[PDB]
Every structure is written in C-alpha cells, then in structure tokens.
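Here the structure comes first, spelled out in structure tokens, and everything after it is commentary.
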Ligand SMILES: Cc1ncc(C[n+]2csc(CCOP(=O)(O)OP(=O)(O)O)c2C)c(N)n1
Ligand SMILES: Cc1ncc(C[n+]2csc(CCOP(=O)(O)OP(=O)(O)O)c2C)c(N)n1
Ligand SMILES: [Ca+2]
Ligand SMILES: [Ca+2]
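Residue numbers (the entry's author numbering), protein chains in the order written: chain B, 2 to 812; chain A, 2 to 809.
Listed below in structure tokens is the structure:
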C-alpha cells in the first residue's frame, strides 16, 4: 500500500515568513537562470570574461515560454512542502518545460545524488547547461531520466488522468497538477476535469488542478484565455471545482508583492483543502467543491518584452526561444547577456559556482523533496501481490471429460482469480473499465468491492455495486481508464483494465507513450525501480462482434504493439488466451511481471477448453507447443500438413478442421501459439523460440496452415527469417463481416473450419482431393443460406464437439 | 460550394397546430413499433392471428434503451422541418440507436426509394423487421447503408466534431447534434463543446447540441445526470451555450401534454437561433451564446416499467433489450405482445399494412426530408476543384543544376499550391491543424485567407492572420481536426489537415472508423456518391524529431493504415514525398481522388530535390521507379546490390551511400518508392506492380538494401510472396533516438549513409571489403563523438551534396 509521508493536511496557522518569500524570489531567479542556461550555453555557465558567442550552443533546442511560469509555481510549492511537511508529487502537463524540472532537481540535491558527475560548482553547472537536449546528454522534456517525474508531458492530454490515478488509495498524497491552456483544448484533458466525481476525499488523496493560463499555445491564443472570465469561472464551478484566479506580470508590480499575494492565496486554497480532508474523516458521502487555480501570467514572463520590434513577453513568440539566435549577430548576443544579467546571478552563486545557502534555506529536505519522494519512483514502494493458488481456479472438467470440453466464458475465470487478488491485496489492486467491466465478464470483483462513485445516488433498484469507495472505477473514456491505471502503477500499485478490442485503438498513442517511458527506463535508468505491468484484457474480439457489426471489428492493437518489440527491452507481451486455463497461465505471468504492457486477447463468448492448467503453463513458457493428443502424425516426417492457431476462435475453427481431416485419414500436426512474440526473429528477440525449436514445432519443409486472430501481415512480417517461412499459409481478419452469425464472421474472412479443411487439402494435393474440396465449398454457401433462412447457424457448426471428448459420460 | 435549400432561419409567428402535434405522437408510436419490430420479429409484423413465439427472432440483436428518446426527438424535428422549410441534417451520437434511423427513412419514403424490395405493405414490413442485424440484412447502427446518416456513432465521441464540420461554409444548414450522456464522458466529446468559438454565425450554419440525458450508459449512471442541475447549467453556460432543459416521462403526464411542452420549448429555442442568424447579417464579430437542449427522459421510455421484478424503464437494464428472450417462455412472449399492443398498431396501419396517411401528413417532402437532403449524401453536392497548373510550383532548379540540388523545405511547396487552391475554390476547401499549420510550413495560406477565430481579440501585436471568418481552423486537438474535416468531406467539400507524425496516433481509431465507412460504401452502397478524400499531411517526422525527443518519434501510422488494404477497396493511400516535386505529384493525385484516406509523409526539414515534376509524376503512376541517372549498373544482370528507399531521409542516406559505393566502383541499381501499396502482393492488390514489374525493378536474384521510413515489419509483411523477397535487407525506425542531431537519429537506427554502405559491402562480400566495412564502422563512432564535442554534426555528413549536382 502507499506509505504515509510527513504530516499531511496541516494548516500553517501563521502568515508565510518574509524570509521564506525572499527564498522563493531567489529560487525563481536562479531557476530561470539555469533554464536559459540549459537552452543557450555550451560553456561558461557564470559568464566570466571573456563571455562570447562561442559560449552559446550552435542549435537552440528547448522551450522558454512555459518555463518561467513553471519555475514560479515550483518555487512556491517547494516553500509550501517545507513549511507544512506535505507529501507532494507534481504533474507538469507542459512537459516541454523540462528545464524547470531539471532545475528543481539540481536545486533540491537529487540531481547530484543521482548523477554524481553533475556537481554543485562551476564545472558541474557547465556540464549541466551543456547536456540539456544535447547529443549524449538528456531530453528536452520532463523525461523519466529526471528525478521527480512520473509524467513527461510530451504528448499532451494526460495531465489530469495521471494526477487523479496517483492519489487513488493514496490519502496522504497531494498533487498540484499543472495543465497547459493549450493542453486544455485536447479531448483527454477536457474529460479528465470530471475525475473529481470518481475519487473520495477520505480513501483517496487530493489533486489541485492549476491552469497555466499564459494566453497562448505554439502559434495561437488559447480558447480558455480569450473567453470572458465569468464563462471561465462558471465552466470550472460546473465541473465541481471552486475556482481561484491569480493574475500577475501584466504591469509593474514588484516581484516581492507578487510573491506575497501568491503565498497568501495558496495558503487560503490549502486551508480549504485541509477543511475538506478534516470533514472527510466524519462525512465522505457528500462531494465537496475542490479548489482549482487559474494562474494567469504572460507567456515567457521576464524575457525581453520586445525583440527586433516583435512582442515576445505575453506572446506565442516566446514559446520555443524568444531570441532565435545569440550567435548570428552581436546585438542578439547583447540581448541574451542582458537577459541572463537581469536575474542578478552575482547574488545567487558563490565563487565556486555553487548556489548560495540563503537561496535554498527554505527548500524541503529528505524524502519530502520533489526529486526524492518515493511516489515519483513507485518501484521503491511496490511489493509483489499475494496471489491465490492458480490451481484453485483451473477448469478441471478437461482432465476428466477430455480436451475440447464445455461451453465456458473464459474471462469469468480471470474474473474469479482477480476477485481473490483484490481480497488478499486491498488498497494495492484496481480494475478500470470504460462501462464494460460486466460486459467483459469481470463482475465477480463486485463480490468483495464496489464501483467507486462520488456523484449522486437515487435508488437501490439501479445503484447496484457502487460505493463512494471501491477498487473498480468506470467512466466511458478509454483515455481516463488507461490514464488512471498508468499513474496507479507509477506510484507503486497494481491492476488491470478491459476494453472491447476495436476501441483499444482509442488509446493507441497512450500505449505508445507508456511503452517509450518503459523502453528508456529499462535501457538507461537503473535508479528507477521496476513498476507493475499495465495489464489490458482485450475481449469482445472481432470474431464475436457479429452482434454490433463492422464498426467493432478491428483486432489490430496487435500490429501497434509489435512496433515496440525491439532491442530486447521486453516491455511488450502479446498473449492469446486459447481457453480459460491458458488465461490463468497468462494472468499469473502478467500479475508477477514488471516493466511491461501485457495485452491479453481473450474471448468472453462460450468456448471449448483445450488445455489443462499444467499443459497451458508448459505451452506458455515456450510460447507455442505442438498438441501430440490432437496430431495424427507421430513425428514431423509423417505429417502432410501442420495446422497452427493463435486465438480462441482460430483454435476452435482449426480443431474442427482437424476432425474433418482425421475422418479423411490425413496425417496432420496441431500447433497452438499463446505468445505472439515467441515467433519473432531469434536474431531480434533472445526470448523467442530458436530456429532449432521453430523448425521442430512447425517442421522445416511441410506446408503450414496458420489461422491467426488478427491481420496476417502481423505473422508474415514476424517470421520473415524463420525456417519454412515460405510454406506458411496465414489466414486472419481481412476487413469483412457485418451484423451476422458467428459462422458468417469466420466464413467471410476465409477462416471457417470448412475453408481451413479445404485449404489443407489444396496444400497437400488439389487434384487428389478436388472432389472433397468442392463438397466443402458448396457446404459453406449452404451453411450461410441456412443462417439467412433460419436466423442461427447450421447444426454441423453449432452442435460440433471435438472427437476427443468422452460425451458417452453424461457430464 | 454548399447549396441553399428551403427557407432558412424562419420563425413560425404562430403556435404549433394541435394537428401537427397529433401527427408527432403517431410518428413516435409507429416509429417505436417499427423499432421493437426490427429487434424482436422474423415474421408477422402486424401480429395477425396466429401470433406465436415462432414469429420472434432466435437471437435478439439491437438496442432499445436510447431508441424511444431518439424516435421522440426525430418526430419533433420532422414536424419542425416541414413547418419551417429548414435545411436539416441530424447527428445521431448514440449510433447503437440504428432502429430510429431505419424507421425514420421507412416513414419518410427514402427507404423504399433506395431499397425497392422494401415495400410500404405487410410483405415489405416483414422484410424490414427481419433484415435488421440479421445475416444477409442491414447493420445494428446508423450505418452508411441508411439514408440520412453521415455519422454511424459506432465508436462514440465524434458527434460534436462532425456536427460543427458539417455547418462550416454551410450558412443555410441546421444540425441538431444528439449527444449520448455516456458519450459526453469520452474525451473527444468533452472538447467538441468548445467548437462554438471556431464558427461564425454569418458564414457558417448552426449546431443545436442535444444532450440525451437518459441517466445511464450500459451498466452505470452517467456523471452528467447525477451532478446538481445548477452545476450542469453553469457547465454549459461557461462553454458559451444558453442551456434549456426539458424533463418528461418520470410521472403520469399524458403524451399530448409532453408534445405541447416540447414543441413550445423547441420553437422558443428556434426563435433565439433565428435572432442569432438575423443579428449575424449586421454584427458577426460578437460571439452569441448558442442554445443547447438538455433532454432528460427515462432510458427505454415506454418499455414495461418492471420485468421479472427488475426496474427496466429508467434503468441501464433497458440498454440492449429490456426483455432478454421472447421465446424462452409464454410469460415473456406475453410481455412482448402487451408491449407492442401498448402502441395501438391498429390505428397506425391500414389492411395492406401501409402506414396511414394521417400518421405522415405532418412530414417534410422532397429534399427537406432527413433521408434525401443532399448534405447527408454529400457526393451529389461535390464538384471537382479548380486546380492551378502543377507546373507553376515545380522546383525547376533540379532541371538546371541537377538531381540533389538545394536545401528546400518541401512542405512550403504544398503550402503555395494549397494557398492557390483556396484562392480559386473559395468556401470549398479548408486547412485544419492542431496548432501546427505554421510549424508544418503551410502558412502561405495566410496570403489569401485567415485562421477562423470567434473568441476574444486583444492586440495586433499578437492576433496575426485571424478573422471571425476564414478557411484555416486550429485547436490543439487531433480529434477536433480529424472530426471537422471528415464532416466537411461528407457534406461535399474538400480539404487537408497536417499533424506531427507521432501524434497522428491520437486519432488512429478515427481513421479506422472513416476507413470502414468508405470500405462499406465502395463495396455495397452505389447510391452514396463518392466524397472528396481525407488528405492528411504527416510531417515533422521521426528522423527530424531530434529537437523534441523520443516522445515525438513514432511513424507507425503506416502499420495502422496497412490494416485497411483488402478486397481491392482502394480506400487508403500511403505516399512518401521523396522531395517537393514528388509532393506536388502526390498532392494533385490526392486532390483529384475520392473515397480515400491519403497519408502523405513529407519532411519540412531542409532537404535535396531529386526528381523533376515529370519524373515524379511518372514514378508515382507505377508507385516505384529505377533511377537510371543514379544507377552504375546499366542492367540487372550487371548489378551487384540494389539500393531502395521510401522517404525523404532514407532517400538522402541511400543516395549518399550510392556516392560512397561509386568511389569503390560497385555496380548498383537505385530504386525510389513513393507509393507503399505498389509493393503489396499482386494477388491481393490489382493496382500493385505485377511480379513482372517487381522483378524488373528490384531484380529476380540480387541483394536488395531497402531503407524504409517507418518500421521494417511494414515492408517485410507486404512482400511475403514477391520474387526475390528473401534477399530484402530492410532497415527502418527501431525505437532508438533521443534529443540529439540529425546524424545521430539515423546512426542509432542503423540507416545512416555509412552503415548503409557497410551493409551493401557486407551483402556483396564481407571478406573482400572487410577492411572498408571496418573503416565505415569507426567513422560512425568518430562522427557521433564529433557531435558530442562540437554540438553540431561532422561536415562529411553536414556538407555532402550528390556528385550529380554542379556545385561550381
Ligand atoms: C497531442 C499533442 N498534439 C500536439 C503537440 C505539439 N505541441 C507541443 S507544445 C504545444 C502547445 C501547448 O501549449 P500549452 O498547452 O499552452 O503550453 P505552454 O504555452 O505552457 O507551453 C503543441 C501543440 C503535442 N505535444 N501533443
Ligand atoms: C469509444 C467507445 N467506447 C465504448 C463503447 C461501448 N459502448 C457502446 S454504447 C455505450 C454506452 C453509451 O451510453 P450513452 O452514450 O449514454 O447512450 P444511450 O444511453 O443513449 O444508449 C458504450 C460504453 C463504444 N461504443 N465506443
Ligand atoms: Ca499555454
Ligand atoms: Ca445514456
């Protein structure tokens, strides 16, 4: 569970000291200096004679405009953390203000502690200016390479979903979530405001949304800055916030006056948050209006007002760099020099080039520092789940009635297993669902917890399995469910979410961003300890969206995940739940795993169980296994065709083909693939089957009929250097189907049992088998026509049970 | 340009007639009956004795919950259309409400006109009930197979972005956009509300957002129905709307009282909209507060209140079917029977089983009808653009100074072309961008038009190229820009939008849904005329996101688009602008095309021009071409290695390697690829190169070093059955990068000129050249180290120019 840190939710009951405000002004000035320094200077960090164009970097890379805003807020939060003892994690929505985040870590000690080459002196300061956005150095964004970051803010939108995910089951945590006014125009951000009706002020922590209303994005004004202030206040009140507005920097107000006004406001907001936390110990069933801050300041605040006659402070022109070159001319250099000097850095550094003690007297210390809080390195907090014994959930009927038994919905097994995981691991595991948890059959969870809901209740006849506190959360937003969970994993907890397969694509770019976070982490951030895996149950899949139709038929998250399977990072897993027992096998593996995105493709429709838990655990360890109990060939040399499947529905259609081939006395091998990446090039992936193991399973020379769950392109591109790759006949989804019958969905994509039988005969001998093939094709047309006439499927398709099932026995 | 249809923005100046309201109530009842009928009945549409469980469908497919509220709004909108002559297109957010849409088109005559087997009698009604969500039949959603749909609503969120796109440069058009209250929880919808400060009430039409506040989604309440009414109204007011709220169905109020309250409310809202349209002819610089309607009715309205002792009307339980089976028992069939009879069909149908004249007297007529308005079949409005002469934008310098000239930003060329397409086609063409138009270099457009901004103006020192009216729109939302444009295309207009390549993935799922829309259309909807193409400029790409870092480095939109390339549909284009000329070649083709998504991948970084417009146009027609002027081999037998590239940067590094292999006198073919899909199996894609043409270009039997823009898996999967496929050595992006130098970006992905030369040498003979291979590998490290020391790239990299150029 989340640890309690410091003294949470304490009022100051005293005004902020003048001496501490002086510290903030100094932090502000030095953080600006270090920010400009990282963008502009390759050398000579303290500007000692001779200070020249040779000291400036050749290409300017990085973003000023947001940075002085961020540096002002982070200074005042640091003051706040130290005076109060508050467990604080920030979310920098504008992750392109990465200089503010590196500056914070350098000034709080965590940078030097983590990178000992980057010392607190002139030499270290020069290394630090240089390395920013620089070949062999560090990113331009608040990247995972930065102490205090759980949010890079490269792809904008996820500021508020991440903030709200971080505070769940984290009642000591406070998250000032800084949101760009451009980022507020994105869809994911717009709906993230609404998260305040899915958290509880007693069992969850608190988010203080801060709107960085600097008036501009790259090249345009922001919508929220150019509407009336009355509209802006109403909008935030209507979304269940008590909005406060701070305006500064548009006039001649002295910097100390601004600091006084801001600390006074901030303490007022904090007093209101402390009243909320205090009330919540008594009454947590009444949703309060959570404070939020509208921070209205000119973009690029404290850069030159005009440069070469164009307004730069309080404009979009300050967004990247207000001054496009300091090398090209002397007058441009003159502006950089005067700009850096306006911060009077002779008052901020000692003669060693260390920051003076009175610039940092006010800073927090130890684990309260933004860079050091374990919430921002959640791996240090994370423990292994207490897993119940997998064998308790095994479908046993396979062991006694035979392979292919039953009409079970596989996901109900993951449902029961996950339920007991929540019971044994309370406050450490969450399920998220875009109004689909029960549709994907995971509602066994409601037996030990509730959907968490902090909007209105009206009636026991409709408000079932909801409570103001609980470990299932639903909102109809794939962005919120991915967001919440990601932050939940990043602050050191566990969980899963499910989605209908086609709508996973809604959050393809979040999967990309979270993969990239994990890629950089496992490659070059050994101090960032492993977090729990992002477990995604991909259900209600293409082959059984016959009832919703073509809009819902897109299994291609598989193709998108394959684009993050490089470098032996091993941050992606892609599993095909053959049946409920293989679903358990995959669930154990993913629930124990760390630093991954696990995509678990599994059907909720009634389907046969093929494997015992033992056979499934064994098949999963290698990724593909031959099925000697289903093969009629005794070894590879006797086999005329290999039948291979990846996916519950292709396994079903391949095993019903197998039975038709057995009755014609064909000699076939049956292969099953649970782990897509097992087939990847052994040159590319050191966990894949070797060519030796590949050749043995799939044979070196015999024709392979491969029925794949998703698009053939996936498998064909994976196996390009494998033995016998030219003999793979891959069937998959081909952008066909409609509102139709289960048989029609497989038929129209040329993966039904009859076409697979036909295909197997074609591959052995078209001439020898020409007759049976024609019979098989006419039956396909006949089976379709049966559906059109009757409105359900042919009994050959419906009433089929694998020959291996002892159906004599009344079970 | 959009047509003016009917008599727009007309007040009634009279109460709604008692007789129209009675028509409306009959529309609601029959429409509900047709709706339940489609979900539950295989036969006996009018329940003529004997009426048994043999008449009910075995598998119930479809959604009742939303459907009665939809049938109510559309009855009332039908009344309003006829009484006012208002050009009206509806957006059914809750697309799962398919039955309200099919019912609409049956009742207005467009269904029987489009589908003549579906007659206005017992026999047709039997076909109409059965075919719904039935094998052989029609979809469960407001699909493109339905007259009146420009919006399926299968994937929720896109209701307001499509609504607002439809009304742009469409001043006579009115779009009531029906938004689910579940759908309002999605991100794309949340931001769509704000579209009201990007439209002008004089040059654009009007959207009336309608929140279907029915209190529930599948298995949960909705946030927006369980917050205070005060918070709900502040929320809409703060997004610049005048919220109006209608509550009905929670008590015993009689249907006719409900209809009267509703029409009166609807006309009061209509008057306010007409005042806004009249004001806008004099003052169109002050943004009005646009009405919206909060519609609060019980989910499943008019279904049985309780079923098996569980609450069904005003519950999530009504979402799909309130009554799970009608065949399992007689008690369940009895419930179905009683429910159908509650509507009193005996009053609605004559003995032929045609709908009675006095049910449809109130309905609009001709092109004012929801199913026949040409805005909902925009291909009939669509005209070919007046394109300017491509030759006028040619980079002519290639012809004078040679292949490899200059350091031009290619996208500036597409920017000039597009500017003049706007000048020649005013009100027919729009650019959208997510705060990136200028960054992607399309700002030549500002020479003839402005960014359209209907929020506040403060100062000429910051408000450059903005006007309350204009053909460029920007909001920082990929969903909005994709949304606006889709609707703009579907109502018969043209355009383009640009994104940074990594952030195209934000809208992967929208390209999926549009692709599927087009896929359904070219296959089986010949009455839906072709629309203009969704043209997406994919720029600021992976190889030159070295100033922003790993977050901006994902070119895998290519992999996603390849998943919509089957059945010879030809609804996807994937193109790589080799240079500005090849970009013009691709733009012309894309701007003349219909029924496509076109992904145009082009660099905005300074880069060489390789091709004349003529060689560009000839290369593009085939999709790939040998570059004989760059090859040293003069036929394929004489060739030792083939150098292939797709992408401005791969092309650059392959042409630099070619110059390095020329110095060693290797005999190599150079191939450029501009159209990814030309490589697709000839058995799969009938527009692709033949095996003949493929083996001629790439050779039958020699080693091919292919440098690819995106992920090598793309190509490896495309060419599985091409001859000589096993000799393809494919390098592409490999999830390596950082914020670094151009050289470092290609180096760390093994696509830099030096590695590509080495790899060519390895593939001809690793021993012969081992010395020269090894030297190349050390220069890679030397070149990296240079950049670390100096902070800019080694001049062998920086300063190179193709031997083919005159540098004197
Ligand atoms: C989803 C997405 N689209 C586009 C971009 C490109 N981009 C980066 S910064 C930016 C403007 C953001 O402005 P704002 O949120 O106002 O931040 P600030 O002004 O504080 O820099 C844009 C469009 C992005 N990072 N993410
Ligand atoms: C993006 C997306 N996520 C999830 C779904 C699954 N889904 C289908 S309809 C629906 C509920 C929508 O409820 P609402 O919008 O309130 O419609 P209504 O109550 O009018 O039926 C859900 C979750 C979807 N279609 N699209
Ligand atoms: Ca901003
Ligand atoms: Ca609803």
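By construction, the Cβ of each residue, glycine as well, lies at the ideal position given by its N, Cα and C atoms.
Under the DSSP assignment, residue 268 of chain A falls in the alpha helix (DSSP H) whose first and last residues are 256-280.
Short note on residue 152 of chain A: C-beta not closer than 6 Å to any heavy atom of ligand 2. Inter-residue distance for residue 658 of chain B and residue 632 of chain B is about 12 Å (C-alpha atoms, whole angstroms).
Under the three-state reduction of DSSP, residue 69 of chain A is assigned to helix. Take the alpha-carbon of residue 405 of chain A and the one of residue 105 of chain B: they are about 47 Å apart. In its chain, beyond the 5 residues on either side, no residue has a beta carbon closer than 6 Å to the beta carbon of residue 615 of chain A. At least one CB atom of chain A sits nearer than 7 Å to the CB of residue 136 of chain B. Residue range 19-41 is occupied by the alpha helix (DSSP H) that includes residue 29 of chain A. About 3 Å separates the CB atoms of residue 164 of chain A and residue 178 of chain A; that is less than 8 Å, so the two are in contact.
Look at residue 183 of chain B: its beta carbon is less than 6 Å from one of the heavy atoms in ligand 3.
Residue-level contact check: residue 480 of chain B touches chain A, since one or more beta carbons of chain A fall below 7 Å from its beta carbon. Listed along chain A is no residue with a C-beta nearer than 8 Å to that of residue 65 of chain B; the closest approach is about 14 Å. For residue 648 of chain B, there are no C-beta contacts with chain A under 8 Å, since the nearest C-beta of that chain is about 16 Å from it. In this structure the region 385-398 of chain A touches the region 572-590 of chain A; the number of beta carbon pairs closer than 8 Å is three or more. A residue is called buried once 16 or more other Cβ atoms fall within 10 Å of its Cβ, and residue 310 of chain B, having fewer, is exposed. Shown here for residue 219 of chain A: same chain residues with a beta carbon closer than 6 Å to its own, the five before and five after excluded, namely 320 in chain order.
The C-beta of residue 228 of chain A comes closer than 7 Å to at least one C-beta of chain B. Residue 754 of chain A: member of the alpha helix (DSSP H) spanning 754-791, first to last residue. Remark: the shortest separation between the CB of residue 221 of chain B and any heavy atom of ligand 3 does not fall under 6 Å.
For residue 408 of chain A, the enclosing beta strand (DSSP E) starts and ends at 406-410. Using a cutoff of 6 Å, the CB of residue 502 of chain A does not count as near ligand 1, since none of the ligand's heavy atoms is closer than that. Beta bridge pairing from DSSP links residue 93 of chain B with B:179. In terms of beta-carbon proximity, residue 59 of chain A lines the interface with chain B, with at least one pair separated by less than 7 Å. Of all C-beta pairs linking the region 131-148 of chain A to the region 87-97 of chain A, three or more are shorter than 8 Å, placing the two stretches in contact. A residue is called buried when at least 16 other Cβ atoms come within 10 angstroms of its Cβ; residue 711 of chain A meets this threshold and is buried. With respect to chain B, the C-beta atom of residue 236 of chain A has a partner C-beta closer than 7 Å. Comparing alpha carbon positions, the residue from B:244, B:457 and B:673 closest to residue 216 of chain A is B:457.
Secondary-structure assignment with DSSP links residue 595 of chain A through a beta bridge to A:533. Note that the region 768-782 of chain A does not touch the region 372-383 of chain A; fewer than 3 beta-carbon pairs, one per stretch, sit closer than 8 Å. In the DSSP assignment, residue 226 of chain B falls within the unbroken alpha helix (DSSP H) covering 224-227.
In the structure shown, residue 611 of chain A falls within a coil segment according to DSSP collapsed to helix, strand and coil. Residue environment: residue 665 of chain A is assigned as exposed (fewer than 16 neighbouring CB atoms within 10 Å of its CB, all protein chains considered).
Taken atom to atom, the span from the alpha-carbon of residue 784 of chain A to that of residue 135 of chain B is near 15 Å.
Distances between the C-beta of residue 215 of chain A and the heavy atoms of ligand 4 include at least one below 6 Å. Check the Cα spacing between residue 705 of chain A and each of A:681, A:761 and A:734: the tightest is with A:761. About 6 Å separates the Cβ atoms of residue 453 of chain B and residue 470 of chain B, confirming a contact at the 8 Å cut-off.
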